[PDB]
Amino acid sequence: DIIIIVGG
Amino acid sequence: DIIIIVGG
Amino acid sequence: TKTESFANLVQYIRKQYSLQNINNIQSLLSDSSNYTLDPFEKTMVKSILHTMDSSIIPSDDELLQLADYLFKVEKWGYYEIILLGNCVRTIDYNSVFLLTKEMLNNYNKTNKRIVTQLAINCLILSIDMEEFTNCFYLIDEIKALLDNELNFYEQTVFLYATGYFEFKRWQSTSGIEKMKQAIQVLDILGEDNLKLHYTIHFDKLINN
Amino acid sequence: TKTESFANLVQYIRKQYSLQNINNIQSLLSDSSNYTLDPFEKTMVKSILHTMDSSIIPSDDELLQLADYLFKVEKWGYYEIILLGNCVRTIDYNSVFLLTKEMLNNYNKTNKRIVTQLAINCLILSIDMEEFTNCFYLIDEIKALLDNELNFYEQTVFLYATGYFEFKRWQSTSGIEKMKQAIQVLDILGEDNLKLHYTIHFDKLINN
């Protein structure tokens with residue numbers, strides 16, 4: 001997927 | 001110049 | 001303070017997600033690692049794993065009891081923003097956009113990039129669901145968040161998201177250029193892993 | 001606390017530096033402003049201005065006392081790291097490399113990035129001064145600091161610094177490509193007042 005892991 | 005401002 | 005091991009947890013999940021170590025994130029759930037997760041953190045981990053293996057879903061009760069807790073809250077801190085950011089694929093979109101809109105109606109340095117990442121995730125999700133009146137708002141809100149800030153990672157993923165939005169709405173040859181330029185930026189800086197994700201996405205976008 | 005206003009001061013300085021707004025950084029020195037700086041921050045501001053205007057050097061006593069205070073502390077924290085990294089161009093190189101070497105022998109997420117920037121500054125200074133045994137060590141340390149971290153700004157400036165080192169030592173056509181790829185990364189992401197600082201440097205390097 002292309003979403004970014006929020007918080008890191 | 002090409003130096004980066006440490007802290008920002 | 002409890003929000004000291006939570007940041008370490010999220011950074012560990014990030015580093016294992018980059019190295020594609022799908023079997024060391026799946027071990028945070030069982031009693032085999034050194035991390036005790038309250039139900040919301042376990043739900044977030046299941047939702048993160050759901051983006052790598054579609055056979056892992058959080059139960060309907062977990063998502064219900066997380067959405068219920070996200071609403072009855074007033075001060076959005078480092079915790080709720082991350083819980084909502086790493087749940088965009090599971091929580092219904094209609095209640096994701098509402099919470100993102102309410103979070104963007106507030107106004108340090110580390111708490112701005114988190115809001116930027118949440119807004120970019122909501123934008124990607126809104127491009128997937130084809131809500132185009134809800135996309136211009138997010139685009140002009142993120143342009144104001146990436147203003148004179150040296151966040152090149154969020155800027156690259158936002159470039160890709162803008163190209164995606166253009167290709168979705170207008171099917172024009174000017175979103176393709178932006179997606180390819182984002183892939184170029186990922187390739188020059190020598191990532192070799194993110195480039196794979198964004199290339200697998202671009203190929204199935206363009207080839208059908 | 002005290003270390004909460006110093007961060008805002010440094011961020012304000014770095015934001016006025018990007019807009020190339022001199023005469024707004026050269027107003028913290030005068031005795032009428034909000035930020036009142038102790039004599040160790042005035043020296044740092046003068047050293048930062050000295051890069052944009054070569055006639056604003058600090059006095060010799062200020063630099064002597066700053067170096068004496070640096071060579072005395074043992075717990076290197078958020079303060080000394082910034083004071084040293086932002087005065088690499090005024091403090092003598094022989095005493096800059098020693099402190100940068102001692103900082104990399106004391107092995108958080110906001111401190112790794114604050115040490116990476118100091119290491120990159122020391123690397124640029126060591127390429128300027130033509131110390132090549134002191135450059136391999138810095139390159140080997142920096143490419144291990146940037147391992148699996150999403151710091152694209154530090155990675156871009158380190159790509160440019162590596163191209164610079166490769167053009168200085170061997171005068172080979174493979175550092176030129178790295179410098180041009182760094183300029184490309186700056187040009188794609190839309191950094192117009194940052195691409196110029198590196199384009200002027202590249203042009204005065206290659207043309208003589």
# chains A, B, ... in the order shown; residues from 1 in each chain; ligands from 1
$ residues_around --residues "segment 6-8 of chain D" --least-positions-apart "4" --cutoff "10 Å" --atoms "only C-alpha atoms" --output "number ranges by chain"
B: 7-8; C: 108-109; D: 1-2, 12-14, 35, 37, 41, 78-79, 82
$ interface_residues --of "chain D" --to "chain B" --cutoff "9 Å" --atoms "only C-alpha atoms" --output "ChimeraX atom specification"
/D:7,10-15,17,48,51-52,78,81-86,113-115,117-118,120-121,124-125,154,157,197-198,200-201
$ residues_around --residues "segment 160-169 of chain D" --least-positions-apart "5" --cutoff "9 Å" --atoms "only C-alpha atoms" --output "list in words"
residues 120, 123, 124, 127, 128, 130, 132, 135, 139, 155, 174, 175, 176, 177, 178, 179, 180, 181, 182, 183, 198 and 202 of chain D
$ atom_distance --atom1 "atom CA of residue 63 of chain D" --atom2 "atom CA of residue 75 of chain D"
20.6 Å
$ residues_around --residues "segment 98-103 of chain D" --least-positions-apart "2" --cutoff "10 Å" --atoms "only C-alpha atoms" --output "PyMOL selection string"
chain D and resi 67+70-71+76-77+81+84-85+93-96+105-107+115+118-119+121-123+134+137-138
$ write_last_selection --atoms "N, CA and C atoms" --output "PDB file, in the first residue's frame"
ATOM      1  N   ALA D  67      34.827  28.016  22.874  1.00  0.00           N
ATOM      2  CA  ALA D  67      35.598  26.784  22.769  1.00  0.00           C
ATOM      3  C   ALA D  67      36.016  26.277  24.143  1.00  0.00           C
ATOM      4  N   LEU D  70      33.067  24.596  25.585  1.00  0.00           N
ATOM      5  CA  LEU D  70      32.755  23.339  24.912  1.00  0.00           C
ATOM      6  C   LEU D  70      33.699  22.228  25.349  1.00  0.00           C
ATOM      7  N   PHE D  71      34.989  22.530  25.471  1.00  0.00           N
ATOM      8  CA  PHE D  71      35.970  21.526  25.866  1.00  0.00           C
ATOM      9  C   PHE D  71      35.881  21.147  27.335  1.00  0.00           C
ATOM     10  N   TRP D  76      26.853  15.955  26.836  1.00  0.00           N
ATOM     11  CA  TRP D  76      26.517  16.679  25.615  1.00  0.00           C
ATOM     12  C   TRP D  76      25.036  16.495  25.319  1.00  0.00           C
ATOM     13  N   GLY D  77      24.270  17.577  25.425  1.00  0.00           N
ATOM     14  CA  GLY D  77      22.836  17.507  25.231  1.00  0.00           C
ATOM     15  C   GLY D  77      22.337  18.253  24.014  1.00  0.00           C
ATOM     16  N   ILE D  81      25.243  20.570  21.310  1.00  0.00           N
ATOM     17  CA  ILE D  81      25.262  20.046  19.947  1.00  0.00           C
ATOM     18  C   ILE D  81      24.903  21.142  18.955  1.00  0.00           C
ATOM     19  N   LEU D  84      27.611  23.927  18.771  1.00  0.00           N
ATOM     20  CA  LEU D  84      28.776  23.518  17.997  1.00  0.00           C
ATOM     21  C   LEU D  84      28.453  23.388  16.515  1.00  0.00           C
ATOM     22  N   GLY D  85      27.303  22.799  16.179  1.00  0.00           N
ATOM     23  CA  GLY D  85      26.965  22.606  14.783  1.00  0.00           C
ATOM     24  C   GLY D  85      26.729  23.899  14.036  1.00  0.00           C
ATOM     25  N   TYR D  93      39.049  24.497  12.730  1.00  0.00           N
ATOM     26  CA  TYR D  93      38.655  23.157  12.305  1.00  0.00           C
ATOM     27  C   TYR D  93      39.277  22.079  13.181  1.00  0.00           C
ATOM     28  N   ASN D  94      40.514  22.298  13.628  1.00  0.00           N
ATOM     29  CA  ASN D  94      41.199  21.298  14.436  1.00  0.00           C
ATOM     30  C   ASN D  94      40.417  20.982  15.701  1.00  0.00           C
ATOM     31  N   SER D  95      39.767  21.986  16.287  1.00  0.00           N
ATOM     32  CA  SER D  95      38.953  21.786  17.477  1.00  0.00           C
ATOM     33  C   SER D  95      37.505  21.454  17.158  1.00  0.00           C
ATOM     34  N   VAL D  96      37.078  21.617  15.908  1.00  0.00           N
ATOM     35  CA  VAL D  96      35.748  21.165  15.520  1.00  0.00           C
ATOM     36  C   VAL D  96      35.736  19.658  15.324  1.00  0.00           C
ATOM     37  N   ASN D 105      31.178   9.141  19.673  1.00  0.00           N
ATOM     38  CA  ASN D 105      31.563   8.048  20.552  1.00  0.00           C
ATOM     39  C   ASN D 105      30.659   7.941  21.771  1.00  0.00           C
ATOM     40  N   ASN D 106      29.688   8.843  21.905  1.00  0.00           N
ATOM     41  CA  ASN D 106      28.624   8.731  22.892  1.00  0.00           C
ATOM     42  C   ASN D 106      27.353   8.169  22.265  1.00  0.00           C
ATOM     43  N   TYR D 107      27.515   7.312  21.259  1.00  0.00           N
ATOM     44  CA  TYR D 107      26.428   6.791  20.427  1.00  0.00           C
ATOM     45  C   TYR D 107      25.379   7.850  20.103  1.00  0.00           C
ATOM     46  N   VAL D 115      22.290  14.903  15.692  1.00  0.00           N
ATOM     47  CA  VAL D 115      23.687  14.513  15.541  1.00  0.00           C
ATOM     48  C   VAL D 115      24.053  14.304  14.074  1.00  0.00           C
ATOM     49  N   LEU D 118      25.051  17.707  12.600  1.00  0.00           N
ATOM     50  CA  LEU D 118      26.390  18.105  13.017  1.00  0.00           C
ATOM     51  C   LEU D 118      27.454  17.312  12.272  1.00  0.00           C
ATOM     52  N   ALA D 119      27.227  16.011  12.085  1.00  0.00           N
ATOM     53  CA  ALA D 119      28.195  15.199  11.356  1.00  0.00           C
ATOM     54  C   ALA D 119      28.309  15.640   9.903  1.00  0.00           C
ATOM     55  N   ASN D 121      27.694  18.678   8.734  1.00  0.00           N
ATOM     56  CA  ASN D 121      28.395  19.958   8.728  1.00  0.00           C
ATOM     57  C   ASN D 121      29.898  19.760   8.877  1.00  0.00           C
ATOM     58  N   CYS D 122      30.308  18.890   9.800  1.00  0.00           N
ATOM     59  CA  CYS D 122      31.728  18.609   9.957  1.00  0.00           C
ATOM     60  C   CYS D 122      32.310  17.978   8.700  1.00  0.00           C
ATOM     61  N   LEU D 123      31.526  17.155   7.999  1.00  0.00           N
ATOM     62  CA  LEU D 123      32.009  16.565   6.755  1.00  0.00           C
ATOM     63  C   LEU D 123      32.228  17.624   5.685  1.00  0.00           C
ATOM     64  N   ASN D 134      40.177  12.218   7.557  1.00  0.00           N
ATOM     65  CA  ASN D 134      39.081  12.600   8.434  1.00  0.00           C
ATOM     66  C   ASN D 134      37.739  12.646   7.719  1.00  0.00           C
ATOM     67  N   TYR D 137      36.094   8.526   7.638  1.00  0.00           N
ATOM     68  CA  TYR D 137      35.481   8.217   8.925  1.00  0.00           C
ATOM     69  C   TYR D 137      34.105   8.857   9.041  1.00  0.00           C
ATOM     70  N   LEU D 138      33.995  10.125   8.648  1.00  0.00           N
ATOM     71  CA  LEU D 138      32.718  10.820   8.743  1.00  0.00           C
ATOM     72  C   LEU D 138      31.692  10.229   7.789  1.00  0.00           C
TER      73      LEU D 138
END
$ interface_residues --of "chain C" --to "chain D" --cutoff "9 Å" --atoms "only C-alpha atoms" --output "ChimeraX atom specification"
/C:15,18-19,148-153,155-156,159,181-182,184-185,188-189,191
$ atom_distance --atom1 "atom CA of residue 28 of chain D" --atom2 "atom CA of residue 90 of chain D"
19.4 Å
$ atom_distance --atom1 "atom CA of residue 65 of chain C" --atom2 "atom CA of residue 40 of chain C"
8.9 Å
$ residues_around --residues "residue 61 of chain D" --least-positions-apart "3" --cutoff "12 Å" --atoms "only C-alpha atoms" --output "list in words"
residues 39, 40, 43, 57, 58, 64, 65, 66, 67, 68 and 91 of chain D
$ write_last_selection --atoms "N, CA, C and O atoms" --output "CSV table (one decimal), in the first residue's frame"
chain,number,residue,atom,x,y,z
D,39,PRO,N,25.3,35.4,26.2
D,39,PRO,CA,26.4,35.6,25.3
D,39,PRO,C,26.9,34.4,24.5
D,39,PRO,O,27.7,34.6,23.6
D,40,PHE,N,26.4,33.2,24.7
D,40,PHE,CA,26.7,32.1,23.9
D,40,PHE,C,25.7,31.9,22.7
D,40,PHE,O,26.1,31.2,21.7
D,43,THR,N,26.8,34.7,20.0
D,43,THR,CA,27.9,34.3,19.2
D,43,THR,C,27.4,33.3,18.1
D,43,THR,O,27.9,33.4,16.9
D,57,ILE,N,31.7,38.9,11.6
D,57,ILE,CA,32.5,37.9,12.4
D,57,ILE,C,32.3,38.2,13.9
D,57,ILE,O,32.1,39.3,14.3
D,58,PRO,N,32.3,37.1,14.7
D,58,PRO,CA,32.4,37.3,16.1
D,58,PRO,C,33.9,37.7,16.5
D,58,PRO,O,34.8,37.4,15.8
D,64,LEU,N,37.0,32.2,21.7
D,64,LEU,CA,37.9,31.6,22.7
D,64,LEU,C,37.1,31.0,23.9
D,64,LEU,O,37.2,29.9,24.3
D,65,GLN,N,36.1,31.9,24.4
D,65,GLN,CA,35.4,31.4,25.6
D,65,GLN,C,34.4,30.3,25.2
D,65,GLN,O,34.1,29.4,26.0
D,66,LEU,N,33.8,30.4,24.0
D,66,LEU,CA,32.9,29.3,23.6
D,66,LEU,C,33.6,28.0,23.5
D,66,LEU,O,33.1,27.0,23.9
D,67,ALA,N,34.8,28.0,22.9
D,67,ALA,CA,35.6,26.8,22.8
D,67,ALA,C,36.0,26.3,24.1
D,67,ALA,O,36.0,25.1,24.4
D,68,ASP,N,36.4,27.2,25.1
D,68,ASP,CA,36.7,26.8,26.4
D,68,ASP,C,35.6,26.1,27.1
D,68,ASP,O,35.7,25.1,27.8
D,91,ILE,N,34.8,28.5,14.6
D,91,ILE,CA,35.7,27.8,15.4
D,91,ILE,C,36.7,27.0,14.6
D,91,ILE,O,36.4,26.4,13.5
